[PDB]
Amino acid sequence: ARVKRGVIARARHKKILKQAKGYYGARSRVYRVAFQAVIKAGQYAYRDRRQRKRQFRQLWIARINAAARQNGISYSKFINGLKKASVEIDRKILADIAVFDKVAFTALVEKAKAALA
Amino acid sequence: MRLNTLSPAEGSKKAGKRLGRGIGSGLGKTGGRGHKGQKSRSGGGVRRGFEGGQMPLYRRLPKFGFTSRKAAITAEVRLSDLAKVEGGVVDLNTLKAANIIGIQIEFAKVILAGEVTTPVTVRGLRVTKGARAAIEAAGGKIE
Amino acid sequence: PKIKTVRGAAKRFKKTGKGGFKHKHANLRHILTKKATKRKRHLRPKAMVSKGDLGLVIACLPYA
Amino acid sequence: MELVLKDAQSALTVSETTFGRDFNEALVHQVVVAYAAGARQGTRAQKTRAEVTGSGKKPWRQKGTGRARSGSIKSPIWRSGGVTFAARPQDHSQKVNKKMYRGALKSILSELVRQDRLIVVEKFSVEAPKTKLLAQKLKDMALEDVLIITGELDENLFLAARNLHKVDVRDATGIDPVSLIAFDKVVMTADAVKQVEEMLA
RNA sequence: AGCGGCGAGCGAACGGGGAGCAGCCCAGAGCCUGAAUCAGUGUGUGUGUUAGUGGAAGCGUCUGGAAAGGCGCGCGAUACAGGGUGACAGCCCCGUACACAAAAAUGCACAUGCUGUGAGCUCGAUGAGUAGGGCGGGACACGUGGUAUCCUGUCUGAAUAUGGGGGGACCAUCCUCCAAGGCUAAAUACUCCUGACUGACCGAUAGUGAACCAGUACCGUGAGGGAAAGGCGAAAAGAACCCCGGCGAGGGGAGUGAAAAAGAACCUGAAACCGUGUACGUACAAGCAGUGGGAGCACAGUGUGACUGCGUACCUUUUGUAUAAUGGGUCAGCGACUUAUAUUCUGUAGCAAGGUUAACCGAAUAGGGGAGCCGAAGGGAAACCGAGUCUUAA
């Protein structure tokens, strides 16, 4: 029972070169380079599923901070004023309000500025 | 019950370690052998009783005794074998006819090892003190 | 092929009933005037092979 | 148990140990595999690095040239030299215990009366040694893939199934694991089931 | 069991189961006197081998380039082993099962006739520079060790059946045998070679080194080494003729064909690698080239990806590597925990105080074969004793 392995090594190699589309140069064509391109690209994909949840929370907080300061309060006092008022909206939606319905944000700032001070 | 329906018992066939076949098998890149030493080489591994070069235990200790050459020609007859001797007379040569002792045996002893039931006749053998008290307890005469 | 018994081990050990090995004690060959009679008295019975040594002995005695 | 005949309707007596045992699948799988492995003609071999035709000359020197170190043109890393663990002709037979072989056959014959694939006849014989008559033999019997097991040395019947592919004639002493399973009906003459009951005790 | 720097290791016999099983001559003279033998040679028979002969049965139909395929309906089969045929054939072919055949030359038996050896009976005879020994070696499982036995280079040297050898130093008994002459079938080992037949053997980097004009081309003074290289199609029907060209090479038609993207540099035609066309991006932007976010654009979700956050390959080896330590130009193919036997343990299965056979026989995976092996008893160095036993006067 000799086993030739040309068919399943072709398929195993083809599966990895298919995951390497768009890569530069020999990282799309050569298996040895494209294998560790794909293994590194899965490593980054694991890491940046963590960093995506930080980078967006970074982006919301920077926008609520700007939109609070147009209404005359900082991000810290707005978030403290919302918690003392028991408002439980998260920062994804607080930033969504801040660009799309600004008059629904100036009401939120007022409800924070009131119950803070 | 066709040829494509018969299965082994569960756990009757373990697979078999296939060494050096990748990361997922848990046996790749060393073959379960660890890193570079004598024992990870092909054919490497020291002989039996090697201790390093410390004097081995079978050479640290004294030889004792001798081989008897009479223990090779003696055997023990359990009382379980007094019913199979085909005639009720336990000679030396009738224990061999029933394949109890062995053809090169010159001395047999009958020891108390289980349930003599029948009228038996031990002739020309040795019996112990327990076996004599059991053969006569079933109605047997020892010569 | 059959496994060859280490024949020098087959003169040092004898297998007992529950499976272990009896052996003569060392230190009772020569140089005995200086040894105490109590110490020489305790080397005269046969001892059992220790726990850690037993794997080295059954390796040596496969037909014990 | 009881084994009803094909048409005389007078069921001969068998011992229930041989035809009414519980089925043991691990026992029958082992004896159907050892039959299958003992049919292997283990005749193959390849060449090791010793046996490949070549010289033991070291191809280049050990040092100096910037090529990987080699010492034989017949090493298995090299093309056209050396299978690493090359085959030899071997014996693929297995040992079966007699009480495992007889326990399997007693468990197959017990299962053949469960799935109604044992039919006992009292005589199965054919007048002329002609395949045409036996081809008729089982149409009325309604058989196409069958194993006939007889007790006598019928050579007229034996030739008449030598060309029919799905029909096998035996002599009640060479019935085996794989033959009692790979046929759809097993048909036994009444003199033959007397002998098969005997040898399986 | 023993041997053994009693280390590494070496490793029997006796006895038992089997295969196969024949014993005979000369050292010698008589009666009898070819008296079976065992050979060779020659007719004769039986049987192979070396050429061979006969073989048995299917047509319509649809797809298709072509039917052996499909659907329909028959027939042979002691033959449905295999192969070929335009795709997969029991019934087309070659065969196969079966039944047969030999001028001539040979293998084997037998029948033997004719030649060579040479019986049976009476008696005697009973293998000397040998056995043994001293010395030195070697062989025996046995390394000179307490060491038998065998062989003999050297030096010696018997007894002659009322005598001699051996029985593991040696001796006495008493068992057994008769060295110093020779022949001897089968069971056994092997395969350059021939015939069939088979394969959980290979399928062109494999399998022989060699599927092919291969021990060749080549290399070496030489001994020697030693390659690579299979496939058009069903059939050459292997491309008439016309064009461009140099009366080229190559190409474009035309044609053959099912197919020429089957055109001979010929099945399939992967990947590296190299082009052309198209979409998008790109000429103020720094780094493992991805990843997360993400516009714009082009298509019918896909493609691209400006800008942007994070981000120093892989392996190996290490206390520790982006490491400026190792390894790799890349692709494709091959490339490394096997096999035999023994042993122990776990799983599992069968049978259990029993369980199993080995060789071999065998209608061959059956059945027979229980020689054995392991277990049911152990203590003791051993004799021995024995559910106890050793220790010790206890």
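What to note about this one:
- Residues satisfying the stated conditions in region D:35-45, i.e. away from chain B (no Cβ under 14 Å) and near RNA strand E (Cβ under 6 Å from one of its atoms): D:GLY38, D:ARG40, D:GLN41, D:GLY42, D:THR43, D:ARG44
- Qualifying residue in region B:15-30 (condition: without any contact (Cβ under 8 Å) to a residue 12 or more places away in the chain, surrounded by 14 or more Cβ atoms within 10 Å (Cβ to Cβ) and assigned to a loop (DSSP other than H, G, I, E, B)): yes
- Check on D:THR48, away from chain B (no Cβ under 14 Å), within 22 Å of the chain's Cα centre (by Cα) and more than 9 Å from RNA strand E (Cβ to nearest atom): no
- Filter result for B:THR5 (touching a residue at least 24 places away in the same chain (Cβ under 8 Å) and either within 14 Å of another protein chain (Cβ to nearest Cβ) or more than 30 Å from D:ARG117 (Cβ to Cβ) (or both)): no
- Residue count for region B:63-87, restricted to those that are of a type outside the set (A, V, I, L, M, F, W, C), assigned to a loop (DSSP other than H, G, I, E, B) and surrounded by 14 or more Cβ atoms within 10 Å (Cβ to Cβ): 2
- Restricting region D:156-198 to residues that are surrounded by 14 or more Cβ atoms within 10 Å (Cβ to Cβ) and hydroxyl-bearing (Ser, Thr, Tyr) leaves a set whose member that is farthest from D:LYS137 (Cα to Cα) is D:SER179.
- Which numbered condition D:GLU152 misses (of (1) under 22 Å from D:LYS98 (Cα atoms); (2) in contact (Cβ under 8 Å) with a residue 12 or more places away in the chain; (3) more than 14 Å from chain B (Cβ to nearest Cβ)): (1)
- In the condition set (1) assigned to a loop (DSSP other than H, G, I, E, B); (2) more than 28 Å from D:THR189 (Cα to Cα); (3) near RNA strand E (Cβ under 10 Å from one of its atoms), D:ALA26 is compliant with all but (1).
- So D:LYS99, is it within 13 Å of RNA strand E (Cβ to nearest atom), exposed (fewer than 12 other Cβ atoms within 10 Å of the Cβ) and under 19 Å from D:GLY20 (Cα atoms): yes
Listed here are the residues, each with its yes/no results for (1) closer than 30 Å to A:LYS21 by Cα; (2) in contact (Cβ under 8 Å) with a residue 12 or more places away in the chain.
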{"residue": "A:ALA34", "(1), (2)": "yes, yes"}
{"residue": "A:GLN51", "(1), (2)": "yes, no"}
{"residue": "A:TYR75", "(1), (2)": "no, yes"}
{"residue": "A:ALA104", "(1), (2)": "no, no"}
{"residue": "A:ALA107", "(1), (2)": "no, no"}
{"residue": "A:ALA112", "(1), (2)": "no, yes"}
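- Considering each residue of region D:61-74 in turn, none proves to be within 13 Å of chain B (Cβ to nearest Cβ) and more than 7 Å from RNA strand E (Cβ to nearest atom).
- Matching option when the condition is of a type in the set (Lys, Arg), in a loop (DSSP other than H, G, I, E, B), facing chain B (nearest Cβ under 10 Å) and exposed (fewer than 13 other Cβ atoms within 10 Å of the Cβ), among C:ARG29, C:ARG44: C:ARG29
- Any hit, region B:69-84, residues being over 27 Å from the mean Cα position of the chain (by Cα) and more than 14 Å from chain C (Cβ to nearest Cβ): no
- Members of region B:104-126 found to be among the hydrophobic types (A, V, I, L, M, F, W, C), within 10 Å of RNA strand E (Cβ to nearest atom) and more than 14 Å from B:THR74 (Cβ to Cβ), listed by number: B:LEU112, B:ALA113
- Residue match in region B:34-49 (condition: within 11 Å of chain C (Cβ to nearest Cβ) and small (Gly, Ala, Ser)): yes
- For D:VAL113, the requirement of being closer than 21 Å to D:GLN195 by Cα, over 18 Å from the mean Cα position of the chain (by Cα), within 14 Å of another protein chain (Cβ to nearest Cβ) and of a type outside the set (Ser, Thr, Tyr) is met.
- When each of D:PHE158, D:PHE183 is tested for being farther than 16 Å from D:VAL196 by Cα, within 14 Å of chain B (Cβ to nearest Cβ) and either more than 10 Å from RNA strand E (Cβ to nearest atom) or out of contact with any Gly (no Cβ under 9 Å at 6 or more places or on another chain) (or both), the lone residue that passes is D:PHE183.
- When we screen A:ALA9, A:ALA68, A:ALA45 for residues that are over 22 Å from the mean Cα position of the chain (by Cα), away from chain D (no Cβ under 14 Å), part of a helix (DSSP H, G or I) and near RNA strand E (Cβ under 8 Å from one of its atoms), the only hit is A:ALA9.
- Matching residues, region A:80-93, being without any contact (Cβ under 8 Å) to a residue 12 or more places away in the chain and outside any loop (DSSP other than H, G, I, E, B): A:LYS83, A:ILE93
- Checked against (1) surrounded by 13 or more Cβ atoms within 10 Å (Cβ to Cβ); (2) under 12 Å from B:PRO62 (Cα atoms); (3) more than 9 Å from chain B (Cβ to nearest Cβ), C:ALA64 passes all but a single condition, namely (2).
- Filtered residue count, region C:1-19, keeping only those that are assigned to a loop (DSSP other than H, G, I, E, B) and either within 13 Å of another protein chain (Cβ to nearest Cβ) or away from RNA strand E (no atom under 13 Å from the Cβ) (or both): 10
- Annotation note: of C:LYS22, C:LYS51, C:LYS38, the sole residue that is charged (D, E, K, R) and either at the interface with chain B (Cβ under 9 Å from one of its Cβ atoms) or part of a loop (DSSP other than H, G, I, E, B) (or both) is C:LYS51.
- Test set (1) of a type in the set (A, V, I, L, M, F, W, C); (2) under 18 Å from the mean Cα position of the chain (by Cα); (3) surrounded by 13 or more Cβ atoms within 10 Å (Cβ to Cβ); (4) within 9 Å of RNA strand E (Cβ to nearest atom) - D:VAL32 fails condition number: (4)
- The number of residues in region A:12-42 being under 30 Å from D:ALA86 (Cα atoms) and either near RNA strand E (Cβ under 6 Å from one of its atoms) or surrounded by 14 or more Cβ atoms within 10 Å (Cβ to Cβ) (or both) comes to 1.
Read-outs throughout are calculated quantities, based only on the coordinates presented, and are distinct from any laboratory measurement. All Cβ positions, even for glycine, are placed from backbone atoms using ideal geometry, and neighbour counts span all protein chains on display.
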